[PDB]
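K.L.:
Would you mind keeping the following structure in view while I ask a few things?
The numbers here are math on the coordinates, done by the rules we state, and not lab data. Cβ: placed from backbone, ideal geometry, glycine included. Neighbour counts: every protein chain shown.
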């Protein structure tokens with residue numbers, strides 16, 4: 001199995017903070033990068049930066065998973081454009097249980113099963129007490 | 001309706017960044033506070049701080065919703081302990097679609113319906129995107 005690389009693309013500091021939070025739980029990550037879309041960012045500039053990252057990682061023979069905050073919106077639109085061009089895989093609605101499970105099982109499952117796993121865990125992790 | 005106050009408790013800077021992120025989308029919000037738990041944090045101290053915030057907001061006649069990152073660990077432990085003593089509601093597994101819906105509709109629904117609403121929106125907002133679905137998503141940009 002190819003080594004995986006996780007790109008987190010979200011609004012503002014969400015991805016940065018989500019990774020920070022996960023790292024409190026499971027320690028400092030390699031092979032995870034965050035890109036945040038802030039008010040005042042040009043989406044085409046951000047798109048080109050994301051593409052830069054993907055090419056670089058593909059050239060390192062890595063398999064790429066893009067995790068997005070929200071279905072719809074500029075981060076999602078960027079992720080979709082990368083799937084159109086580079087055949088990376090994409091999942092939306094990322095939360096903490098998903099990211100922790102993803103990063104601790106990244107070597108265990110193939111990308112398709114990995115994403116199905118965390119989709120299920122993410123939904124199950126949302127509970128009104 | 002009483003005004004609502006949302007307290008987000010998570011590991012590290014997750015809650016802080018989640019709120020930052022949501023405000024890019026829906027603009028600056030009021031009545032939302034974040035508490036992050038880091039390694040080596042004295043958690044009984046954090047619990048005490050949270051209780052103080054809750055007491056204060058209750059004195060301001062606010063209805064309190066606590067949102068946590070994870071069903072597990074210290075943030076949920078703290079949230080549970082508040083629920084045992086105070087009239088607060090708790091929801092776990094917070095994500096962007098949930099928080100955006102929560103804050104945008106905070107004065108439209110009572111807490112019970114509100115948490116039910118955002119639970120469904122949060123789960124529905126978690127989607128694996130199939131490559132084969134790309135073209136169909138693109139069509140939606142040209143019709144309603």
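K.L.:
Assess whether residue A:89 counts as being exposed (fewer than 14 other Cβ atoms within 10 Å of the Cβ) and at the interface with chain B (Cβ under 10 Å from one of its Cβ atoms).
P.N.:
no
K.L.:
Condition first: closer than 24 Å to residue B:123 by Cβ and assigned to a helix (DSSP H, G or I). Can you find one or more residues in the range A:81-89 that meet it?
P.N.:
Yes, some residue in the range A:81-89 is closer than 24 Å to residue B:123 by Cβ and assigned to a helix (DSSP H, G or I).
K.L.:
Against the definition (in contact with a strand residue (DSSP E or B) (Cβ under 6 Å, 6 or more places away or on another chain), in a helix (DSSP H, G or I) and either more than 10 Å from chain A (Cβ to nearest Cβ) or in contact (Cβ under 8 Å) with a residue 40 or more places away in the chain (or both)), how does residue B:48 come out, yes or no?
P.N.:
no
K.L.:
Can you tell me which residue within the range A:55-76, out of those that are at the interface with another protein chain (Cβ under 10 Å from one of its Cβ atoms) and not in a strand (DSSP E or B), is surrounded by the fewest Cβ atoms within 10 Å (Cβ to Cβ)?
P.N.:
Among those residues, the one meeting the criterion is A:72.
K.L.:
Given the condition without any contact (Cβ under 8 Å) to a residue 40 or more places away in the chain, in a loop (DSSP other than H, G, I, E, B) and in contact with a strand residue (DSSP E or B) (Cβ under 6 Å, 6 or more places away or on another chain), answer yes or no: does some residue in the range A:8-29 qualify?
P.N.:
Pass one, the range A:8-29, residues without any contact (Cβ under 8 Å) to a residue 40 or more places away in the chain: A:12-13, A:16-17, A:20, A:23-24, A:27-28.
Next, only the ones that are in a loop (DSSP other than H, G, I, E, B) stay: A:12-13, A:27-28.
When the remaining residues are screened for being in contact with a strand residue (DSSP E or B) (Cβ under 6 Å, 6 or more places away or on another chain), the result is A:12-13.
Scanning the range A:8-29 turns up at least one residue that is without any contact (Cβ under 8 Å) to a residue 40 or more places away in the chain, in a loop (DSSP other than H, G, I, E, B) and in contact with a strand residue (DSSP E or B) (Cβ under 6 Å, 6 or more places away or on another chain).
K.L.:
Could you count how many residues in the range B:112-136 are under 21 Å from residue A:115 (Cα atoms), in a helix (DSSP H, G or I) and facing chain A (nearest Cβ under 7 Å)?
P.N.:
The number of residues fulfilling the criteria is 5.
K.L.:
Would you say residue B:3 is more than 22 Å from residue A:69 (Cα to Cα), surrounded by 15 or more Cβ atoms within 10 Å (Cβ to Cβ) and touching a residue at least 24 places away in the same chain (Cβ under 8 Å)?
P.N.:
So residue B:3 fails the test.
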